[PDB]
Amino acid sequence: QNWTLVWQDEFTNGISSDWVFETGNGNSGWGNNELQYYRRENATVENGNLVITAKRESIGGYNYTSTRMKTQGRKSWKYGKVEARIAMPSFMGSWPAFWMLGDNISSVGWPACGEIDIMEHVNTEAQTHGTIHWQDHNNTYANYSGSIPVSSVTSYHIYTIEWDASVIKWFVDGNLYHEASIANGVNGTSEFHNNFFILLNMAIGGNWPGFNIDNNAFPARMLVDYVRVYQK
């Protein structure tokens, strides 16, 4: 239980150069029929917090803008404690996330690369979700998910995973709510023993949240106080 801090973005004055930004709606709405067009302009730093603002704005044929940012190509880790202190909006159509993808997405694709969603929230739910996605030993898409009640997602909460060669554990405010064994690649989990990079985004619409958007919730702000990675 002795952790050493190996990386952080505290967003004290700006966004570090460890982050790369996506642009646009991607392929079929980032694969989930999302409605937003991602931009760099939707990411700012105010008063020591990263602010991802989703807006009702027309660009590229789309009606919403937001930010999707990642450490891919800059920083990645194999095992560790990954955490962020986040305050997010709660409205119909909202889809904020703090998550990780395997560095090998560029060669094996998704979902074989593996995905660890440290925090996902949709719509106005009074809970948050922690999930892994992968391609198992039978060549089939697999997922394993858990949730925890959070009454005020609009307040800051700490979203964390502890990940080692045996397991991934999910916590909110230090409360354990989900766990997945990756020991010996059980259930075809071999790709979780590789380097993963971090992503932050707020999507608007999509298969999971649905297409009922509260247009009176714009502009909407997702606040990240910090992102920290510790390792043994």
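Residue numbers here begin at 1 and follow the sequence given.
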Practice task
Using only the Cα atoms and their B-factors as the entry lists them, report which of 188-196 and 42-50 averages higher.
Solution key: 42-50
Problem - Of the residues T160, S151, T131, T71, the one carrying the largest Cα B-factor as recorded - result: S151
Handout entry: B-factor third for the C-alpha atom of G109 within its chain
Key = highest
Handout entry: Chain third (lowest, middle, highest) by recorded CA B-factor, residue given as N216
Key = middle
Completion exercise
Quick tally, chain-level thirds of C-alpha B-factors: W3 sits in the highest
Handout entry: Ranked against its chain, the third holding the CA B-factor of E10
Key = highest
Fill in the blank from the handout: For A165, the third of its chain by CA B-factor is the highest
